[PDB]
Amino acid sequence: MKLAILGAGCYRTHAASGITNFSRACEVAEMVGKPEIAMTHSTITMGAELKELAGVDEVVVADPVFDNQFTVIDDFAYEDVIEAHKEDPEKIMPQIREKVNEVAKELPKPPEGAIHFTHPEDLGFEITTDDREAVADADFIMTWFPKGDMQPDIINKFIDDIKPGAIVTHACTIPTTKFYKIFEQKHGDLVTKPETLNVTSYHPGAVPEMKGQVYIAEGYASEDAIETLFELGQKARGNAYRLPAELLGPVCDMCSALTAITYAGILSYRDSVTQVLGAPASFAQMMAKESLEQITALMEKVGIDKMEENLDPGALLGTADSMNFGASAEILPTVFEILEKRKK
Amino acid sequence: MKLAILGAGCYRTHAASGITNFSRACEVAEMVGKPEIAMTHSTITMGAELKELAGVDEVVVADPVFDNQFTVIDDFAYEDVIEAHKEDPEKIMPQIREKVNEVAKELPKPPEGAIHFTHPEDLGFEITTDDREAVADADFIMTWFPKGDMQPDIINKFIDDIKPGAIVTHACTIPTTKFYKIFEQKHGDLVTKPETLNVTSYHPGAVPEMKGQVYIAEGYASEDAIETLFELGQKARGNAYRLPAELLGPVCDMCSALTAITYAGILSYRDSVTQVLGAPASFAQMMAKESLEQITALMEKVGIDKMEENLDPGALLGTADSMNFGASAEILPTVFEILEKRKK
Amino acid sequence: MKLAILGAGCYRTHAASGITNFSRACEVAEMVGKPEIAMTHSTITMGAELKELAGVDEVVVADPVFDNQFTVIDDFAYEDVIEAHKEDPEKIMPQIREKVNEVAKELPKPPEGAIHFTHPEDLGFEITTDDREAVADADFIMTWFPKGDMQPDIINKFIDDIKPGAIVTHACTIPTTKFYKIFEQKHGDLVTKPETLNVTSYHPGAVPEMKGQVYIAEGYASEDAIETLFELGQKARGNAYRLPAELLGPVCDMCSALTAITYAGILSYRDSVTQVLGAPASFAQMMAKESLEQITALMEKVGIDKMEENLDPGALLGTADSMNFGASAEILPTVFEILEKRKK
Amino acid sequence: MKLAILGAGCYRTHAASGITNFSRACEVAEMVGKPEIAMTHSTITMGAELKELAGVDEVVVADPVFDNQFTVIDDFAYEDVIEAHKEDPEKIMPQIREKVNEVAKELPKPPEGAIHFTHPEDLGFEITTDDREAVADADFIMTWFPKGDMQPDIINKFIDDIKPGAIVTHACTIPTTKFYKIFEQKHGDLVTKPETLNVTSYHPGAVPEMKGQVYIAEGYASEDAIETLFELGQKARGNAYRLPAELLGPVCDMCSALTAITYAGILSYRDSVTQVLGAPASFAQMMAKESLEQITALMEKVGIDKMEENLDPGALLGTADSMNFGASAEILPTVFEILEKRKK
Amino acid sequence: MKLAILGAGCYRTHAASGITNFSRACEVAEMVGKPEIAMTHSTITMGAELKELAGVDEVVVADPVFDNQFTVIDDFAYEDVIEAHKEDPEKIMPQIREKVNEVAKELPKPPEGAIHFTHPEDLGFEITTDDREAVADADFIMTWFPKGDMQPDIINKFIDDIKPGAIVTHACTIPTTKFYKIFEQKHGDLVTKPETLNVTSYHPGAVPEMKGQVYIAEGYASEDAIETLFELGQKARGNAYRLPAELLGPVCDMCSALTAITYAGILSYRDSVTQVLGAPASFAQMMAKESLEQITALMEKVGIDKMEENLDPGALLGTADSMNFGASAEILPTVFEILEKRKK
């Protein structure tokens, strides 16, 4: 198949964050014996994986930046980075960040400037400034566009050139629904033919060069399209996750921590009710729904910063302790230390 | 297993309707060589099926009416009814209705009176006036209670006597949700133990003696409980249907016709979009959702009797004709004759 | 009155669709003895109708394309097309499509290029590149803008130049609500004066040159404005439909087929309940609401492509058959063939 | 036609209120030359009006109280009350209240006791203890039942005896929707035939003997049924109002004052926007919707007693003053005195 | 602290409205002995107040217009305007409007043209064309941007240059929620750091030079940030109002009149119920909620222009009169004159 990456991306924001590395990129480079992969970042790493590990036959990277100031840093040798990542990334990352940060002081933001460490061409990739040429014959188009009102306009330029049934994906810069609306149009006429694209996501849930993982939004694409991408991503990224499009944010955004906590609570609570009390899962759900809707409603009603003034954390210590059995007992003791500490 | 039927029911309303027969009851009676089944009705027929065809070991029929005026009509011989149903039920049904209607003129309504044609005892069934005794050791309790505020009070008397994990079912007299709330309680304390019952439905979707079919509401019971009842009902009734509890009304109530029409429309429309246009099913759903929500909203906004004044049926002839392809072409020509006839 | 058409449109997409003709445009041309109308398309046809058949005194066509590559094809004589449309449009349409398609291969998309067959000037129309000049003194402004984020920006340039109380319309490229928000502003101050425009639609529900019909969205404009346009459109297009703004999509979009089916179902079902059962229309509505809300909810809950796994089409055959009377009997037999074919 | 009143009612609560009179009852009695009408109350007055002024041929009053302690007070002569009401009801009402209050100290509440001043029989009415006998052949059934869970059970006893198409009404003791559900049933089967009744209201919006007015809930009954009752009530009560069932509470309950204020505001505000600003009524509605939804949301969010802490009444004086023109200027000056007085 | 005003604004629309003056600007100028303030307008007045009366140390005005045609009118002497505003603004405002209107005939709209009367530099302000330079080190950024899709793009250029914890405000051109979304981003990754800004409003609720008042939207910023701005605005504008972000529109938009009316109604109605009837405020709220939701629902259901056809204004006169006591009696008599006049 033909993969058309639209957006090479820039490492400035990764280096600026001060908390990333090339652990995955390195791991891949060592697996396939191509040192140049070690310092690839963003879609280049993901493209590297799909070509080298998933068997994607043709890769094309499209980005206006290639004609603009596409900056490649040759200061760090690939092998040094690989060997440093083998024991402790921090033996070379602070040095890497300062150079990127220095380059980024004057360098314009994308698409006028991009900080990379590997030339896509070296990975056998075809580079292009124009997106239409890239999407031509592409079975899988991977978008890595900027956050903003430009994604619909960026897309409209190559939408007619998209092959029927192609898998089109988005990443952390845009919600699935919003992205899907650009391609599929509700209002029209007999003349305007609906698109037939399989819209999904190829969301890293982190900087692709640091972690090997992908999140694939379900609900807009054919199941075959989801299976095809799921199988590609499982091979390319190592850890692929299929999930409803509505949960992509909850799981990949800064709220991930609360979704995690809450989900553990729900699953634990449910199991204590079905396995210890023996009640049907429908009773556990009715109870769960009560908790969730009300505590969320309270946070909306008075504000997340005024909950304690309305519901003292201590009020739950006197009642929840009786439900401390089954799976819930794996999480309640911790939860109680937190409410003990916050009680009025 | 032990089956505890709570409510024998009465044939007055069936005879009064003027449109029912004993076709199923007859079909069963002939299958098992027990003529007495031919004129059984309501739960007696269903119990007859479960004992004779599903292998239910113990059947108990509980109804206060047994101590009251439980009337059995011996005017029609079982074989005559069977032979009449073999070619045309109407050769004996008009005669049957008049006798039931005559008996029903003075006879009190249940639980003070009940019109039957077969003595449950003859089918090997245990009869009881008290429900607690009946539900004792019952693996499957089949409720056939009257429509009204009495179902919670009728139930509260034997709820503590219900065996853990028992399958409790309801029929056309009450919605699943409403019925489920009687057993499972949201508000309580450590002292009040939640019930562990598998609440579902054993809804005939007609008078049990006329049609062999059952509707089993999903979402409140364990999947095992649904499978067990599904397998019993498939054997006992012949045609069993598993469906979400929310659709039990839509499918079994007087609205069945509109659900049917609409569902065919949705499935046809979807197929024309996925198979002819090639668009993803998500696009078909987005379009469908548009139609359904808006036409329903219009009916609510101006009233089902004032739609034509606001949306002329003719307005759709000029636009829908272009979508007349694929599966939709099996239903649009008919649909067009109806809008042609109703256009302003 | 003065009509200001903003957007001449382009025939490429019509020709590309492979399913359109000039039947209406021809019919008009023959009615008014002006052959040039036969090959007009989009707003030119509609403007032709309003000037020639509705008595609109002054027509102005505004489009940046006139200064750009506005391409007119002189390959087909008007009379040939008229005579061909008199018996079978397909005797000349395939030939017409290939030429348009060939012209459209290199020609840029609007507003840089437009494929027409008649010079607006020949119809007595005033052509302009600038919209402000066009809307000046316009009693009726007919927008035919592109689908996208540009409509608000296109509009803002001439909004102050719009005459108070003018009728402003939109077509298939934008929803009424969205379009209305561009003109009328909710947030402001004493200084910002609310607009007084009569926002509606002049939606062809097809390519204007093929069908004579218009859809006029109600709810945003004065009733006088709706009556004025309704009377113009009835004369100009032949078949004008007044309808709530919320139904414009449902009726004119690809969902038209399902709205049609559903509406017939509702009207048929209602009539069987009020005319055969005698129940009040309020009972029919309560039942209808049950059907619609639940079947729509099911499609949303599990997905339009997974309904059968949850509600077997066959489940409705056993129940709906009893409601097969009255108006509903005109649609149920067909509906049953569809569910018979799809039953699990 | 035949009118079946179900519930005679009791005057204790009227006398206890300390604020009622017999002004209407008196006015009727004088109009028809029947002094006995002067001291009738509740449904007896309304029945008196329908028989004497609307031409209702047969009146039947059904109430279990007739067999129980139905108390009639002969202490006040009809003519004295009429003459007293001719100039000032308070010349005899305080005396009337004390006697009723004294009688009501020991007398049981209905249906065991009822305080009246006129024997229904004297008005030519047929009195009955049993409701089934009363509703037989009744074209118009007027329910005057107690507030509570008993209305469905009271109704179920005579529902089968109700004539098809009969007009069934309720008063201040029950909401229309709730009342309608008792008669019309959503869940059933082919056997259970839907009711065909025309459910509405004959709501006095006060004690019938004090004011001549009726409120008739629309949306559940046939338009003919509403017209028939509207025409009866206009003749019988003098001031009849047809209105959507949803507004019966808003208009007749203690909230009437706020509905009144608000409605005047909406109508005034709308007129200033359409008549002075010239904006379309759709703009006035968009603005109105903003106001109403938000101020209501604020009251729900913080509580009606904490609004000032969140939105100072004074905040609106600085902004609303600019909108003080047109119809709104009839209500804003007053409204400003109230906000001036309440500003923080 | 450092104040960075982004947008100087233009007086054309103020002069065009025909209903504004410089009363506040004058009042300030006289208070601080700086005549030049008298004819300042928009943010210049507000900046003048914050520097002169609130003690803001550094003011910066950023606007692309300064490099473009920034027009200053020297035709009216400051003192003449001050003396004219001392007794009657209309002795000089008509003359001022005509000159501004004449200048505005050819002058381009902002940011290409701006009509002012005082050079910001004279007030000690730093003027700049570039926003990034202005926001640098700004503790309080005051946005005065145009209404439209440009605010997010205008903002994105200086967002990274914004100091952590800065107070960012918007005015009548944009809703708080919409404005807040530009800065705070829900979707992202570990790399994209959430903003830490205190988003609020500095909404004049009129032209700043006419009235001394500000509205500060609560719910998005820290309470400290709201207190800081509240205290600045109270000193600078004289009348500052803290209110939930949801009410900013309701209170400052053209709907202000209806919010005012309604709010007075709610507060009056509540007080009659709690103070006269003695019922709890929860009962008043339940009643209020009934009124508001239903009357709003009716306006949505049939349209603000068709309410009378469905609910006759007269219907409330017969019922509300009984609730005419307590605080409500301050508003009901007026309200009754309006319903008397509009009754069918």
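As given, the protein sequences belong to chains P, W, G, Y and S, one line each in that order.
Under the authors' numbering, the residues of the first sequence are numbered 1 to 344, in order.
Under the authors' numbering, the residues of the second sequence are numbered 1 to 344, in order.
Under the authors' numbering, the residues of the third sequence are numbered 1 to 344, in order.
Under the authors' numbering, the residues of the fourth sequence are numbered 1 to 344, in order.
Under the authors' numbering, the residues of the fifth sequence are numbered 1 to 344, in order.
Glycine residues also receive a C-beta, built at the ideal position from the N, C-alpha and C atoms.
277, 278, 279, 280, 281, 282, 283, 286, 287 and 290: these are the residues of the segment 276-296 of chain W whose beta carbon lies less than 8 Å from some beta carbon of chain P, given in chain order. Put simply, the backbone Cα of residue 39 of chain G is about 25 Å away from that of residue 323 of chain W. Under DSSP, the beta-bridge partners assigned to residue 242 of chain G are G/216.
With a cutoff of 7 Å on beta-carbon distance, residue 216 of chain W and residue 200 of chain W are scored as near each other. Of all residues in the segment 153-187 of chain P, only 172, 173, 174 and 175 place a beta-carbon less than 8 Å from a beta-carbon of chain S. Secondary structure at residue 124 of chain W: coil, using DSSP grouped into helix, strand and coil. Secondary-structure assignment with DSSP links residue 143 of chain W through a beta bridge to W/6. Residue 70 of chain Y carries a strand assignment under DSSP once its states are collapsed to helix, strand and coil. Contact annotation: in the segment 244-261 of chain S, residues whose CB is within less than 8 Å of a CB in chain Y are 244, 246, 247, 249, 250, 251, 252, 253, 254, 255, 256, 257, 258, 259, 260 and 261. For residue 206 of chain G, the chain P residues whose C-beta falls within less than 7 Å of its own C-beta are 189 and 190, listed in chain order. Cβ neighbours of residue 54 of chain W within its own chain (closer than 6 Å, five residues either side excluded): 232, 235 and 236.
Bridge pairing for residue 113 of chain P: P/69 [DSSP]. Among the CB atoms of chain W, one or more fall inside 7 Å of the CB of residue 213 of chain G. The three-state secondary structure of residue 119 of chain S, taken from DSSP, is coil. In the three-state scheme derived from DSSP, where H, G and I count as helix and E and B as strand, residue 174 of chain P is classed as coil. Contact check for residue 334 of chain G against residue 292 of chain W fails: the beta carbons are separated by 7 Å or more. Rounded to whole angstroms, the separation of the alpha carbons of residue 85 of chain S and residue 91 of chain S is 8 Å.
Taken through DSSP and simplified to helix, strand or coil, residue 136 of chain G comes out as coil.
In the DSSP assignment, residue 58 of chain P is bridged to P/2. Two segments are said to touch when three or more pairs of C-beta atoms, one from each, lie closer than 8 Å; by this definition the segment 116-129 of chain W touches the segment 55-63 of chain W. A Cβ-Cβ contact shorter than 7 Å links residue 9 of chain Y with residue 43 of chain Y.
Proximity of chain G to residue 196 of chain Y at the Cβ level (cut-off 9 Å) is accounted for by 277, 278, 279, 280 and 283, in chain order. Of all residues in the segment 13-36 of chain G, the ones placed with a Cβ closer than 9 Å to any Cβ belonging to chain P are 13, 14, 16, 17, 19 and 20, in chain order. Of the residues assessed, residue 88 of chain W falls on the exposed side of the cut-off, its CB having fewer than 16 other CB atoms within 10 angstroms.
A contact between stretches requires three or more CB pairs, one per stretch, nearer than 8 Å, and the segment 149-168 of chain W meets this requirement with the segment 182-190 of chain W.
Every beta strand (DSSP E) of 3 residues or more that sits fully in the segment 227-280 of chain S is shown, in chain order, as 240-244. In the DSSP assignment, residue 203 of chain G forms a beta bridge with G/215. Shortest Cα-Cα distance from residue 294 of chain Y to any of S/282, S/274, S/260 and S/32 involves S/260.
Taking 7 Å as the threshold, the shortest C-beta distance from residue 311 of chain W to chain G falls below it. Interface with chain Y (7 Å Cβ-Cβ cutoff): residue 42 of chain G is excluded. Using a Cβ-Cβ cut-off of 7 Å, residue 322 of chain G counts as an interface residue toward chain Y, since at least one Cβ of chain Y sits closer than that to its own.
Here the alpha carbon of residue 306 of chain P sits roughly 41 Å from the alpha carbon of residue 23 of chain S. According to the DSSP assignment, residue 311 of chain Y belongs to no alpha helix (DSSP H), since it is labelled neither H nor E. In the DSSP assignment, residue 102 of chain W falls within the alpha helix (DSSP H) that extends over 93-106. Here residue 31 of chain Y is exposed, its C-beta having fewer than 16 other C-beta atoms within 10 Å.
DSSP places residue 19 of chain Y outside both helix and strand once states are collapsed to three, so it counts as coil.
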